[PDB]
Amino acid sequence: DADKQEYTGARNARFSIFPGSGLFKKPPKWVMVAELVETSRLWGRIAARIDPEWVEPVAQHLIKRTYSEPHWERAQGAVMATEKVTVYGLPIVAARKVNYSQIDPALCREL
RNA sequence: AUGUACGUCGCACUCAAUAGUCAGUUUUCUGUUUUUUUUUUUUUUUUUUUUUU
């Protein structure tokens, strides 16, 4: 979460980095944990920073792809759109310009 | 050639003052100046548990 020390985990569940961790003082932007435990609040014990590019190719069966703003572009002669990928609803990529025409063949042929 | 004609008159300014109508229960708030600044960015906080060629 932006400028807030709670961590929007998978689904709507929220937890935090354990105070005994070495990186408890610096919570990174993308951190993963080994054990989830229920206590006075939810926490993650063994925390570590990852790059958000790593998760997507290993989660091909888990990504929910989303396509918005279908607009045709002259620069490539095809339909462009901003793509959004989600694992359990988690925005791995908030926005990415993608070629909408290369994805589906039906409607863009008439376009 | 002679004789032959003359006389009186009027005008102006004005103009005040008048009818009748008695009375209205007791008490009350409303009221003044003064310091003026209305607002100054924030943080990471805890632990049932236990076994594997």
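The numbering used here applies: residue 29 is where the first sequence begins, and numbers increase by one. Backbone N, C-alpha and C fix where the C-beta goes; we use that ideal spot for every residue, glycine too.
> What are the boundary residues of the alpha helix (DSSP H) that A123 is part of?
Replying inline: Looking at the DSSP string, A123 is not in any alpha helix (DSSP H); the run it does join, the beta strand (DSSP E), is 118-127.
>> Suppose you measure from the CA of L139 to the CA of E81; what does that come to, to the nearest Å?
In response: 33 angstroms
> Using the C-alpha atoms, what's the distance from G72 back to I131?
Replying inline: 38 angstroms
>> Does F52 pass the burial test, meaning 16 or more other C-beta atoms within 10 Å, or should it be called exposed?
In response: exposed
>> Once DSSP output is grouped into helix, strand and coil, what is the label at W100?
In response: strand
> Along the chain, which unbroken stretches of the alpha helix (DSSP H) at least 4 residues long are found entirely within the segment 34-114?
Replying inline: 80-86
>> In whole angstroms, give me the CA-to-CA distance for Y116 and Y35.
In response: 15 angstroms
>> DSSP three-state label for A134, please.
In response: helix
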